[PDB]
Structures are given as structure tokens and as C-alpha cells.
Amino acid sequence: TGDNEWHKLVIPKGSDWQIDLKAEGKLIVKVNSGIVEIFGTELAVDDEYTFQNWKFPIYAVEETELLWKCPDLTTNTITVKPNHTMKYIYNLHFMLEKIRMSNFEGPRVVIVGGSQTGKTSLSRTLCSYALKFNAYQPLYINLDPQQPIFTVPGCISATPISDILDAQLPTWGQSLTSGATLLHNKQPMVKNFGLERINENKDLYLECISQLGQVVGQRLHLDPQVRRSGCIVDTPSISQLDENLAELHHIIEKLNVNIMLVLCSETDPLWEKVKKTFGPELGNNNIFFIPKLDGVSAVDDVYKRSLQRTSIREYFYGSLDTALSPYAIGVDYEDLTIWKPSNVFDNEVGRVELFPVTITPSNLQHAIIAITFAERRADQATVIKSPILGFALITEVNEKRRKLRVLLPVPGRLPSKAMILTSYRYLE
């Protein structure tokens, strides 16, 4: 039960085709008629879209006839289901549009909720919808270092959504390249957290948020288009933050948030907790609740690690329809200056500080490293505050010749800059 031919499918108005591709599953979709969207991004008719290693809905705004090709699906297996909660997304979107249009500046919204309530899907959809009717450029702010969006994992980020997302990509789209592309790409501001979970170093996590908030403010001050559009701030699971929600307080202050969106039932203890804690600061009129979003499903860590791997590959080499050429170089041990953040595992208590790394295969082989703008000779306090230039991958550490093979996204020389060891590993 496989097959490599095209198959016709009609999706009813208001239904999702729920797709779940696992690993090496490859799906091609071609729309014949109607309107379908992937997290608010409209598929063009007669154009082929290719998907891989992703779990996502294709939503029918109108009754849609399409053609699909995939050896790992059959007509008797595909899942099509009515979605009853889109109206909540529309109501919220058009309220926000009203603020972008009439208020002195655009709304700055934080989205909060439990594990897999649909915070990131809501964010993506609202960003897509913001482009559609009045050509806004909202800032998408990702505060979940486990979700790779426009960059590699381990980062928080701010990115203006200045043109359509790539409906093919779980990563939403890509950052700028040196050549010609089918879609206009994005220009993100990225801060390196570097660790696998925020509880490995809460202090450093909050440090990154403060650094992002400062440069986000500098952008909004200089950019009237983005300022009028506002910000969509996406957070990690609420269960990952502290009991008293003091991390949310910090996010709200550093990013100048004025609207809060909570994903939960009016009877979840979270609802009253949020009103009691943030109501005196934001005003209860500016705290909204969305019930369960339909279709949203739980993900395991196998699935999260799979999106992370794909995002690392994409950073260096591009995607299926955007082939990029990264650059491999050999360097000596003496050519590299590498630091490592404090963490609970290595240092028992995570602080805002870095320690020097001694070059070993066990330490560095297969590691993603952040490249800063700081001199090699820069002190630790300078390196901590230094903006991120990009990322590199150490594919081989030869102990006997005292040399490394390093992969760069940009062809040319190894940057003469201070670098920071990440917890992420990638084998080609």
C-alpha cells in the first residue's frame, strides 16, 4: 500500500487535512481549485509544494480539490477533519489589526500556555494573516530555544515578517542568502542560549531576553513600519517556567508587552492565576483566553530532535528548492578561541558566565558553535554581550596533527572572532 502516482482529494470547507510525515516521508501537493492554507499561508494553484519530516494541517478556507503524491500514504489512510476553532484565530487577528490601524503603535502580544496547546501554530497563523490585508511587518519573537525558527536550535530571536512564510518548512522560512531565491527571505536578530533546556541556566536565559529586548526597542524606535505592526511573542511551555511566573514578568518588561493571550479553559487554575498576577500591570481588559485549538497534538522528543537536525542542515545547505553551498576549511588548534556557558550539569548552578574550552574530540567533534562579533582577545564580559555573527560546525578534530575540519555557511576565511560552544551536535 504505497504507490508513486497522483491522487485526487477534495477537502470540505472548514476542514483540515491532517498530515504526519515520519523521517524520510516525502509528499507533493498540487492544488487544482479552491483555497488552502498552511498556518495562514495560502498555497498557489497549479504550483507544486514538497513536504518532509513534519506534522501539520492543510486547512480548507474554501472547498478545495487537490492532487497529492506520496509513497507512504494511501487514499484510505489520509485524515480529513472539521476544524471548529478557527473563528477564535480570526476574532483575535482582526482585533489586533484594529490596533495596528488606530493606536499610536502596534500591539505587543505574548502567547502563553501548557505543552502543545498550539502557541507556535497560533503565532505562525497570526503572522501570516498580518501580511494579508494591510501589508504589516510584525516582529515574530521566539523565546523557545528548543524550536528552531529561521535559524538553528538553542536560540531566541526576533524577525520581521515582511513577506510570505515558506509553507513547505517547519522552520517557517530562511534567513538571507547571497543569490536569487523563489521567495523573499528573512533578516533575523538571534541571541545564543546554547543549552538544551532553559532550566540548565535560568539566569543566562533571562540575560538573552534582556539583550533581545534592548535591540528590539532600538529597531522599533528606528522602523515605523515594524513599530505600527507590533510584536508576536511566543513562549516555551508554562510548565518550564517558575511557579510564581517571575520569568513572564521579566519577558513582559523587557519586551514592553501590552496584550496577553492564554491558551486554556476558563476553569483551568492558570486563567485566574494569570489575571491575579498580570492584571494589575496589563489591565484585565488586555488579557484574553482561547479555548483548546482543534487538531493540535502532543509531540515527543524524538520528533523535536528531528526538527532540530533538519534546521541545522538547512542553515548550511538550504532546502530542497533552495540549494546553498557552504564552505569547509582546515585550521590548527591555535586558530580557535572557544568559550562554554555555565550549566547545572557541569557547574551545579547556572550563572551568567563563560569558561574556556580546551580542544578535544570529546568536547568539540560534531559541535555547533556560535561565532560572535568580538575579538579573539576579548574578555569574558565582552564575549557575553557580543552579538552573533553566525554558526559553524566542527566535523572532525584530529588530535595527532592538532587540526580541525570546520564547516562555514559563508565561503572565505575563518572569522577571527571569539566563539561559544553550543550543546547541539550534528553528524552528516
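Just count from 1 along the sequence shown to find any residue number.
Undergrad: Output the stretch having the higher mean C-alpha B factor in the entry; the candidates are 63 to 71 and 36 to 44.
TA: Between 63 to 71 and 36 to 44, it is 63 to 71.
Undergrad: Higher mean Cα B-factor in the deposited model: 98 to 106 or 245 to 253?
TA: The deposited B-factors put 245 to 253 ahead on the C-alpha mean.
Undergrad: In this PDB entry, which of 273, 93, 184, 87 has the top CA B-factor?
TA: When the deposited C-alpha B-factors of 273, 93, 184, 87 are compared, 273 is largest.
Undergrad: Go through 152, 139, 78, 287 one by one and give the residue whose Cα B-factor in the PDB entry is largest.
TA: The C-alpha B-factor peaks, among 152, 139, 78, 287, at 78.
Undergrad: Lowest, middle or highest third: where is residue 220 by Cα B-factor in its chain?
TA: Tercile = lowest for this residue's CA B-factor.
Undergrad: Going by the entry, which third of its chain does the Cα temperature factor of residue 292 land in?
TA: It belongs to the highest third of the chain when residues are ordered by C-alpha B-factor.
Undergrad: Ranking the modelled residues of this chain by C-alpha B-factor as given in the entry, is residue 267 in the lowest, middle or highest third?
TA: Top third by C-alpha B-factor.
Undergrad: Please place residue 227 in the lowest, middle or highest third of its chain according to the CA B-factor in the PDB entry.
TA: It belongs to the lowest third of the chain when residues are ordered by C-alpha B-factor.
Undergrad: Mind checking which third residue 132 falls in for C-alpha B-factor across the chain?
TA: Answer is middle: the recorded C-alpha B-factor places it there.
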